[PDB]
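Asker: Got a sequence here, can you build the structure:
(one chain, ligands or ions: 12)
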Amino acid sequence: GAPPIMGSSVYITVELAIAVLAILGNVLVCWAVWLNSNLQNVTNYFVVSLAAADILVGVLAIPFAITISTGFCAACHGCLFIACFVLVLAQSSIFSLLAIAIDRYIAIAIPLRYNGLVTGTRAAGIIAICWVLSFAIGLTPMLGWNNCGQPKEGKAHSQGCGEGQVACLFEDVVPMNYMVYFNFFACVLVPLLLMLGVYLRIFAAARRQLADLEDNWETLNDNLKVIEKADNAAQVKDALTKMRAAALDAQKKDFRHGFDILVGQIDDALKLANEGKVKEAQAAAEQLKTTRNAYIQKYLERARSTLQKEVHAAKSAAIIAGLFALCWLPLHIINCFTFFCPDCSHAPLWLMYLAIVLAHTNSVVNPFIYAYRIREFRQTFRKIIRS
Ligand SMILES: CC(C)CCC[C@@H](C)[C@H]1CC[C@H]2[C@@H]3CC=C4C[C@@H](O)CC[C@]4(C)[C@H]3CC[C@]12C
Ligand SMILES: CC(C)CCC[C@@H](C)[C@H]1CC[C@H]2[C@@H]3CC=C4C[C@@H](O)CC[C@]4(C)[C@H]3CC[C@]12C
Ligand SMILES: CC(C)CCC[C@@H](C)[C@H]1CC[C@H]2[C@@H]3CC=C4C[C@@H](O)CC[C@]4(C)[C@H]3CC[C@]12C
Ligand SMILES: CC(C)CCC[C@@H](C)[C@H]1CC[C@H]2[C@@H]3CC=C4C[C@@H](O)CC[C@]4(C)[C@H]3CC[C@]12C
Ligand SMILES: CCCCCCCC/C=C/CCCCCCCC(=O)OC[C@H](O)CO
Ligand SMILES: CN1CCN(CCNc2nc(N)n3nc(-c4ccco4)nc3n2)CC1
Ligand SMILES: CCCCCCCC/C=C/CCCCCCCC(=O)O
Ligand SMILES: CCCCCCCC/C=C\CCCCCCCC(=O)O
Ligand SMILES: CCCCCCCC/C=C\CCCCCCCC(=O)O
Ligand SMILES: CCCCCCCC/C=C\CCCCCCCC(=O)O
Ligand SMILES: CCCCCCCC/C=C\CCCCCCCC(=O)O
Ligand code: NA
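Answerer: Numbering: from 1, shown residues only. Ligands and ions are numbered 1, 2, ... in the order given. Have a look at this structure:
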């Protein structure tokens, strides 16, 4: 039995290293949003709330985790707060991650009414509510769902704890049925699965809208060939009627003028077609190629460019949520083994603290994702560092 302070010194040193990196990186995130007006959107307000939770992981949760690893004597409910405050920060992260996913879905599903629905004032109120809910969820053991009424008195006596005190150890005070059923299943796993469902809807809507743009572009060019290879005025009319409906469908200053010309030129050729003037209608329909090459094609490429940027932004948000799941799932899975398999030997000490360190590492990764995937963050990061 090697001296416990040796393994403890390694765990504590790693925790402190994580705390420094979590504070430095996420302070840089909040500083960037504060300085850059181009970063001051509703999505990044939840990014700031998420960064604030990770700053608090380094300032409070990691010092709390170091303290509870010692098993020091404490009043049980005070021990509960040390043990459960990190659950508040994790729950706040979940609410921020879910809000970001919903915000990205609203922006791609109904972009016409996004600015009227998703505002900064409403976002700040949602953030405040979610922080209150995170305290209620994370500190639910302090409301009575704890093991303080049944303290391990032999462990407390062996450590010389005073009357009314317990050896402050996580699994001694926090019930595992709370950790598995309430915290993990209901409050972590279900919202993460909801996020997965939201992101599936986002990318499916992106693929559908990109296909609709390509369908309107092909229908525009196909019916142009139909008019050229037509023989009577009726065939020209059928092709022009489908072009006009598709032109107004794709329409949903330089953008409006381009479609004003297109629909007007379609109406010109339609009127000639209704008069039986096939040659004159085809010549008028050939003028549509000038409007297509000078206006319509530019709108197709810009609308495609906008959707691809929304896909890129939605993937950046999905990576953050996936990394949260990857960093926290091992610790939750270990709790499931402890809870559901009492015949299984408890996960060893080194693995417990590896899972704890890994969960804390998640408070370091998000500033790197923003730097590698978001040019506006990366450029603002460089300006802050150089200055
Ligand atoms: C605003 C921020 C910075 C203040 C941080 C306050 C923290 C550090 C305080 C608030 C409540 C405190 C706990 C309250 C009760 C107990 C029980 C006692 O038997 C041992 C200490 C212990 C476990 C305290 C540890 C420190 C503690 C968690
Ligand atoms: C900004 C908001 C969250 C205010 C933060 C204040 C919180 C962290 C402080 C304020 C008063 C504190 C409590 C004061 C007294 C006790 C009784 C003790 O037996 C256990 C700890 C406990 C329960 C403290 C836990 C932490 C506490 C709840
Ligand atoms: C989310 C991704 C990273 C998958 C994580 C898988 C990890 C958390 C899984 C894979 C294998 C698992 C271990 C397999 C077997 C045992 C022996 C048992 O007596 C206690 C639990 C313990 C020690 C498990 C703990 C959790 C474990 C380490
Ligand atoms: C929903 C998916 C994507 C991720 C969550 C998977 C979790 C809930 C699953 C994956 C592996 C599972 C464990 C695998 C094996 C055992 C050993 C058995 O004696 C009791 C249950 C227990 C401990 C399972 C509990 C639930 C578990 C931890
Ligand atoms: C002992 C424990 C004490 C610790 C106490 C923890 C309290 C939780 C703090 C949350 C800060 C929230 C971060 C602020 C993010 C809000 C984003 C924002 O400011 O948006 C502005 C608005 O949207 C424009 O109109
Ligand atoms: C005998 N063993 C010695 C080592 N002990 C380690 C106690 N620390 C600990 N233990 C657990 N189970 N969790 N779960 C969590 C968590 C937080 C969020 C989701 O999960 N944190 C934890 N911290 C366990 C007993
Ligand atoms: C731990 C489970 C918590 C369940 C509690 C349910 C109530 C929470 C509801 C929150 C929605 C908040 C919207 C209303 C805000 C109005 C504030 C006001 O009166 O000005
Ligand atoms: C910027 C402010 C950040 C706060 C710095 C906090 C750093 C201290 C870290 C851990 C404190 C651990 C206290 C140890 C518990 C007592 C051990 C015992 O009594 O057996
Ligand atoms: C962030 C805004 C604050 C919202 C807080 C809402 C949830 C509060 C939950 C638990 C606080 C319980 C404090 C415990 C009292 C002392 C217990 C005791 O002495 O035995
Ligand atoms: C919907 C979110 C609202 C926030 C939570 C509601 C307020 C909770 C009220 C009181 C909590 C009191 C803390 C309990 C003290 C000691 C209880 C115990 O011995 O376990
Ligand atoms: C990101 C996934 C994390 C896995 C990376 C593995 C790195 C750390 C692994 C092991 C260090 C902990 C000590 C392992 C051997 C200890 C055996 C023992 O003390 O009984
Ligand atoms: Na987090």
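Asker: For the rest of this, base every contact and every neighbour count on C-alpha atoms.
Answerer: Will do.
Asker: Surely residue 32 touches residue 380?
Answerer: Yes - counting by CA atoms under 8 Å, residue 32 does reach residue 380; the two are 5.9 Å apart.
Asker: With neighbour numbers in mind, choose between those two.
Answerer: residue 32 (24 against 21; other CA atoms under 10 Å).
Asker: Is the helix or strand hosting that one in proximity to ligand 5?
Answerer: Following DSSP states H and E, one finds residue 32 within helix 4-35. No - counting by CA under 6 Å from any ligand atom, no contacts exist between helix 4-35 and ligand 5, the nearest distance being 8.7 Å.
Asker: Point out the other elements, helices or strands, that that helix touches.
Answerer: Other elements packing on helix 4-35 under the criterion 3 or more CA pairs under 8 Å, 6 or more residues apart in numbering; DSSP states H and E are helix 42-56, helix 62-68, helix 349-373, helix 375-386.
Asker: One more pass at 6 Å, please.
Answerer: If you count contacts as 3 or more CA pairs under 6 Å, 6 or more residues apart in numbering; DSSP states H and E, helix 4-35 packs onto helix 42-56, helix 349-373.
Asker: Off-centre distance for the longest one?
Answerer: Between the centre of helix 349-373 and the centre of its host chain there is 17 Å, according to CA atoms, centre = their mean, to the nearest Å.
Asker: That one: which residues count as buried?
Answerer: For helix 349-373, the neighbour count (16 or more other CA atoms under 10 Å) marks 352-353, 355-367, 369-371 as buried.
Asker: so, in contact with ligand 6 or not, it?
Answerer: Yes - contact between helix 349-373 and ligand 6 is present through 349, 352 (criterion: CA under 6 Å from any ligand atom).
Asker: hmm, who's touching that helix?
Answerer: For helix 349-373, the external contacting residues (CA atoms under 6 Å, 6 or more residues apart in numbering) are 21-22, 25, 54, 327-328, 330-331, 377-378.
Asker: so it versus helix 4-35, what angle?
Answerer: 20 degrees (axes from the mean of the first three to the mean of the last three CA atoms, to 10 degrees).
Asker: Show me which helix runs longest in this protein.
Answerer: helix 297-340 (DSSP state H).
Asker: Give me the angle between it and helix 42-56.
Answerer: Counting by the same axes, to 10 degrees, helix 297-340 lies at 30 degrees to helix 42-56.
Asker: near ligand 4 at all, helix 297-340?
Answerer: Yes - using CA under 6 Å from any ligand atom, we find that helix 297-340 touches ligand 4 at 333, 336-337, 340.
Asker: Report the secondary structure state of residue 151.
Answerer: coil (DSSP: H, G, I helix; E, B strand; the rest coil).
Asker: Name the nearest residue to it, sequence neighbours excluded.
Answerer: Distance criterion CA to CA, 6 or more residues apart in numbering; nearest residue to residue 151, sequence neighbours excluded, is residue 166 at 6.6 Å.
Asker: Spell out which residues of the chain are next to ligand 6.
Answerer: Within the chain, the positions lying close to ligand 6 (CA under 6 Å from any ligand atom) are 87, 169-171, 331-332, 335, 349, 352.
Asker: so which two of the residues you listed are the farthest from each other?
Answerer: 87 and 349 (20.8 Å; CA to CA).
Asker: Quick one: name the residues of the protein near ligand 9.
Answerer: Residues of the chain found near ligand 9 (CA under 6 Å from any ligand atom) are 77, 132, 135-136, 139, 142.
Asker: and the strand or helix carrying residue 89, does that touch ligand 10?
Answerer: For residue 89, the host element (DSSP H and E) is helix 76-109. No - contact between helix 76-109 and ligand 10 is absent, the nearest approach being 7.3 Å (criterion: CA under 6 Å from any ligand atom).
Asker: quick check, that helix touching ligand 2?
Answerer: Yes - Helix 76-109 reaches ligand 2 (CA under 6 Å from any ligand atom) through 77-78, 81.
Asker: C-terminal to that helix, what's the next element?
Answerer: Using DSSP H and E, the helix or strand that follows helix 76-109 towards the C-terminus is helix 114-117.
Asker: and that following helix, which residues are buried?
Answerer: residue 114.
Asker: do stretch 94-112 as well
Answerer: Buried, per 16+ other CA under 10 Å, within stretch 94-112: 94-108.
Asker: Pull the residues that contact it.
Answerer: Residues contacting stretch 94-112 (CA under 6 Å, 6+ apart): 43, 46, 50, 114, 195, 202.
Asker: So the second one versus residue 218, what's the distance?
Answerer: Translated: residue 46. Separation of residue 46 from residue 218 (CA to CA, to the nearest Å) stands at 40 Å.
Asker: repeat for residue 253
Answerer: For residue 253, the distance to residue 218 - CA to CA - is 24 Å.
Asker: Between these two, tell me which one has more neighbours.
Answerer: residue 218 (12 against 5).
Asker: Tell me the residues of the chain that contact ligand 8?
Answerer: Counting by CA under 6 Å from any ligand atom, the chain sits next to ligand 8 at 59, 63, 66-67, 70, 72.
Asker: What residue in the stretch 151-300 of the chain comes nearest to ligand 4?
Answerer: Nearest to ligand 4, among the residues of the stretch 151-300 of the chain, is residue 189, at 6.8 Å (CA to the nearest ligand atom).
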